[PDB]
Amino acid sequence: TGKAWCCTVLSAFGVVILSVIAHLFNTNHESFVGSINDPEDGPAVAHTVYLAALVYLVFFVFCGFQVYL
Amino acid sequence: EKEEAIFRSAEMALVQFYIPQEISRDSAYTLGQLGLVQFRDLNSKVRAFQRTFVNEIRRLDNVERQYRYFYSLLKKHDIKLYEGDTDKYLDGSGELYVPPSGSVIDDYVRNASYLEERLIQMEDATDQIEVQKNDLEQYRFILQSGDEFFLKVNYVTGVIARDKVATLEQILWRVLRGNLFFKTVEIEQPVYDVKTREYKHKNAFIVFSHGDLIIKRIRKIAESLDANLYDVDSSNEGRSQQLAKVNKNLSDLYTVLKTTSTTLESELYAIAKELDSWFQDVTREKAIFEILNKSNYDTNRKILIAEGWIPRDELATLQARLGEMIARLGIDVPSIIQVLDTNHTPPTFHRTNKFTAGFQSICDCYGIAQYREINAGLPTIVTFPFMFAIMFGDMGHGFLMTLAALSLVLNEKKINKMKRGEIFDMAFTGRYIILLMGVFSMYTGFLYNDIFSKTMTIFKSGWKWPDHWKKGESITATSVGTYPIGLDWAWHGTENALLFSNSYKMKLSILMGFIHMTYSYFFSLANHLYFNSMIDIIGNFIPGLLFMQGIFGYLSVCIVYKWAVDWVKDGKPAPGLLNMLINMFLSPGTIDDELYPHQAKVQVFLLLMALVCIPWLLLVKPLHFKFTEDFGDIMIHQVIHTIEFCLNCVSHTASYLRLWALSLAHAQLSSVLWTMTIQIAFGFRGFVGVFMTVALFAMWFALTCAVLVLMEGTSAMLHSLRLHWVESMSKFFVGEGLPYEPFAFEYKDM
Amino acid sequence: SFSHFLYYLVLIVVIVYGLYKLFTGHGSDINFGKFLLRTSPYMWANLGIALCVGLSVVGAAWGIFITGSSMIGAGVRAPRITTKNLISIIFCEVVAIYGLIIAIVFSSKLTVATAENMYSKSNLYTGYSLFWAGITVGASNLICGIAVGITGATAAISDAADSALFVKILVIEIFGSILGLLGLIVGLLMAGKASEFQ
Amino acid sequence: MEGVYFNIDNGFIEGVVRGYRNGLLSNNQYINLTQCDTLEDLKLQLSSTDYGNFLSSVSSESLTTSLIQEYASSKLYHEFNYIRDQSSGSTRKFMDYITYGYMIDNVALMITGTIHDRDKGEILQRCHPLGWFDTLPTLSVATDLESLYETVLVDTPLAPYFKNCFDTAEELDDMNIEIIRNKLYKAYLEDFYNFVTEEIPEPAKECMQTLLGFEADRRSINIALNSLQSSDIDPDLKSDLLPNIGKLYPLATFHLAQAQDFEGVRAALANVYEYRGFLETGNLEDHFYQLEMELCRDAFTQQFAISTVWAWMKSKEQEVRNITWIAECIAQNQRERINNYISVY
Ligand SMILES: CCCCCCCC/C=C\CCCCCCCC(=O)OC[C@H](COP(=O)(O)OCCN)OC(=O)CCCCCCC/C=C/CCCCCCCC
């Protein structure tokens, strides 16, 4: 029900947006690390965000079985 | 050779009907099965009771009353109502079927009157028993309470409501002059009244006093208020003794009620499964006589005479179906149908599909179009969602709208069958409006180059930074080329970024409203050339055109020309356009910075031309009326038309700046939302940094889906609507047309 | 009352203070000329731009609930009017647009000036003008907005009575709208010759 | 000025009430009812009006000229309580004062019943529902007034209005009760005159001073003519029954109290043009009703005034009184005075 669809579509695109973000920090894209106030180390931030996306991936597969049944 | 009726309204015809009185009842059923004919009211002066079929309609009006009585008793109980085949009559596709008899309808009368006499009695034989019941329970509950209740005739006792318990107590303080001895005890479960139809909390009170005069006034005050006084004997023997008598009779009373209550409900289950099929077959017998009551009745001959509007394309099918009706009957009847040509305003009718219906339901709110004029519904299919996407303008928020609607489009078969709310209708009624507001917002966002407040980096940039600089040093970029598609990503993060975009989006807004307005003004012409109104062209069109094009076209040509000049290389100074537009009125012949040669010689001419078009708009058409008091009515309508048209060219052009404002606001809130929520998490590390990224992203995504799509989408959507109703449609849309509401049967929800 | 007592206790201190300085040979000490000279012309210019778009929004928001609260009541029995009487909400919004066009024109004139040439003839001229022009456009559109709301609350009630009468009262509602357009003109003439801060 | 601050509280009210007046019947609509034959034809025709389906629950035999007055009035009272609900502040006071004149009538009506020993149910049905308060049926208990006062009527908002009334006899009868009823209106119409002058602003102030002046003048004239039925009454007693706000006060209320006969009344009303010729010709009660409508018709020429709530009720009450007159004439088949209906709209 709606209690499960919510974290399914939410965590669907958390897997997508956070992974596209982490790809860019890793490759040191200018818009994400170009200014001084941006973080100094690109890949260190990506390591922290690859893991955050996996946490949403677990909520996705779990709630997928919940609604599927 | 069937016509399409989307650019202009469909052509219509007026028809006459010579119906005999024998088959009047039968023909009216067939005309309702089509759903094509709209009847006039010929007997428009006759009073409502002097009409002729009024007596037949009361027999059927009384029946509907008797059925409303039945549906009430049902809902008074927990019974659900049977639902039969809503398609057994028709499928809405204009099919034929044979109608009921006159004897079946006369049976619904005596049956429905016969049922009212029984149920009205069975209900009162039930309620009167329940009154006897409630009285005894209160007499029973009070006895359960102990002797302390009777501690402090000696006393008065009864039952009363919680609301009237303080009012009673104050008065008795005043009567007895302070010597008051009052105890009250409550009840938790409410009590359902049978006449008042309410659940009521109640209490039980008791009062003590010895005076004989004083009790009879206590008994009246308690009875003046709704309270029921009871006898209770002071001994603890007389209580249980009376209690046995009461608990005995109550056990008896359960059986007496239990039998009659069931005999009642048994009769309703009969009604509850043959009700919604009787109700339909009565409202349709109503519907035809009202139609037949619009018609003239000859007493010299049984010919009925009637009139109706019909689309000229849908006439050969009318002649067909009636030819079938007469076939089964076996009557010889002359040609029933004769086409009539007379000066009237026909109704307006546009044929819509699933894709055009939602765009057409928007313009019809503002007004129904005149017969055979340009519809405002075709341009609105594109111009309504494109103005939205100038404001909205983002690839992220647009990709979300596109999905939300694309779920409503694919499941439309499932959704249409199931039942819907009131909000979920409009989201479904406009499921194709939202699809195009999303697709275009991905085009406009790509040009603005904004995806969730950030930029793409597809192409090479036309700007170049220095070869070498140092920290904190303000650095400026040098030009290389032009960026092919969209705004260059070098502006992102820049200090002076708004100065560029605000100038850009203003000049976009002014140019895109001038085109939207002029294009809608060439629809006036297209009408005048179809109704052969030559004077209005020379009177209204040609003067008003020159007025605004000479002022607000000169502005738009100058914006495109200034962008196309290399001012720095040539060495000349760029001019301001706000001052150039002001000084040409206030001080013609004067310039401070030149835009092109002979600027002053052309400005003063355009001022001359606009001032000539004012009185030419004012005077030319009334003079033609005089040359051929009414001459005044042609003037005052013509003197108000100009003072509006001239002012409104200044207030409409200014209105289109909301395209710029709602865009700028949407953009800044998106960046502030990114900079406060997700930009923070990246500055953390460890397990604690991982958790914030999980928590903060969810709040970004939720505020995004709600604040920046729903709240901002509904705002911008309604401003796009305004620019159509008030700015575009004012230029050409006359309105005051008659709608098309044919006579057709449908399922009535009851 | 209390609020009116303070208005009369202010007037009595300004008088007793003026006569203390005068009888003592110090009436020159109360010098309005220096205050106008020494105060910064950026103060006067940034009040006017704020009191233009601010006082114009007060008027517009005002007329929208006089015209809006009557339409909704009248629309119970005659629900057909809420789109025909919508034009009154449009002439009340548009005076706010006038206060936003000014602030576009005047914001261009906000530039930084050297410290030696700050209190010059031209930069004082430019602060005085953007102050009284903003007052002019704002206080004048405040009046055009309240007026058009009154006019358009009646036109809602007349239209619910009879459809014909709506057209006849619009003429009153147009003439009221002229007031905001004249104010815009007068402001632009004031600030026409004003030059950006040097 | 008028419209600057009125709409903050009462803009929605003014719009609904001026929509309720457009449903007031016109002269052409009264004629269409006049040429009806039965009550079943009188029902079909009011469906075309703003009354609509106020009789859909009702059968043929059930129709009476009594049951039509009940459901046409009950539709006015739901509309009144709806508007009074949405109100607040001074407008809620104003709409409570309007109801204090309908319960005075019900005080006098329960009490006269007890003197004749009748049941409360038989009496409550004859009571006006806008003049209801919780302890109304409790007045059936006692006959002594001071008993009725202390036990019941102190809590009421009618408590201030009994100052000039503690002269009753130990026993209580009709002519004593009517004297009480008239002392109350005297005090009610003087409190609700000062209330308007203090809190209610213009131009509604000017219009309600007038409308309340007519209610005062109308009573002072009837109270005098009723006294002619009596044997003799001291002059200083009548002075305590006549209010002190209208055009009549002070000069004519003096010469009215000292009026022994019909001619002595005409000597008092001749020096005022507004009321000059009512006695001279025609039915008196109709002349007032025709002047009430004209003043209310002129209250609707205004805008941003809360006086339209008063004007609206009195107009629709007279509408109801015309419906019943036409209805009786139809059933009784007497059609001589069927055109007696009073209409200004
Ligand atoms: C403010 C923040 C919250 C915003 C919440 C938004 C939720 C989504 C709402 C739906 C938006 C998309 C649909 C709007 C476009 C289509 C409208 C349309 O077709 O209207 C037709 C309709 C005429 O036909 P119907 O009355 O529908 O009856 C016949 C139907 N066959 O048109 C009109 O009435 C003319 C006016 C059209 C524009 C009206 C738009 C109104 C939008 C109101 C949004 C309300 C949101 C409420 C949120 C509550 C949440 C619990």
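Sequence positions for chain B are given in Swiss-Prot numbering; the residues included correspond to 3-154, 184-659, 706-827, in order.
If you're wondering, the header gives electron microscopy, 2.7 Å.
For all residues, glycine too, the Cβ spot is worked out from N, Cα and C.
With respect to the membrane, Swiss-Prot annotates B:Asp498 and B:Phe759 as residing on a common side. In Swiss-Prot, the annotation coiled coil applies to B:117-145, one of the ranges B:30-58, B:117-145, B:378-406, B:494-522.
As a quick check, the transmembrane segment (B:405-423) and the transmembrane segment (B:720-744) clear the bar of 3 or more Cβ pairs under 8 A, pairs 6 or more apart, so the two touch. Contact counts against the transmembrane segment (B:535-554), taken as Cβ pairs under 8 Å, peak for B:720-744 among the stretches B:573-593, B:637-656, B:720-744. In the topological domain 'Cytoplasmic' (B:443-456), the DSSP tally of helix, strand and coil residues is 9 helix, 0 strand, 5 coil. Note on the topological domain 'Cytoplasmic' (B:443-456): residues 462 of its chain, located 6 or more positions outside it, place their CB under 8 angstroms from a CB of the stretch. Outside the topological domain 'Vacuolar' (B:594-636), and at least 6 residues removed from its termini, the chain residues within Cβ reach (under 8 Å) are 586. Taken through DSSP, the topological domain 'Vacuolar' (B:594-636) splits into 21 helix, 0 strand, 22 coil. Remote same-chain partners of the transmembrane segment (B:637-656), defined as residues 6 or more beyond its termini with a Cβ less than 8 Å from a stretch Cβ, comprise 566-567, 569-571, 574-575, 577-578, 581-582, 585, 615-616, 619, 707-708, 711-712, 715-716, 718-719, 722-723.
Mapped onto DSSP classes, the topological domain 'Cytoplasmic' (B:555-572) shows 16 helix, 0 strand, 2 coil.
Distant neighbours of the topological domain 'Cytoplasmic' (B:555-572): 403-405, 648, 651-652, 655, 718, 808-809; these residues of the same chain sit at least 6 beyond its ends, with a Cβ under 8 Å from one of its Cβ atoms. With a cut-off of 8 Å between Cβ atoms, the residues of this chain six or more beyond the topological domain 'Vacuolar' (B:745-765) that come close are 425, 428, 481, 483-485, 773-774, 776-777, 780-781, 784-785.
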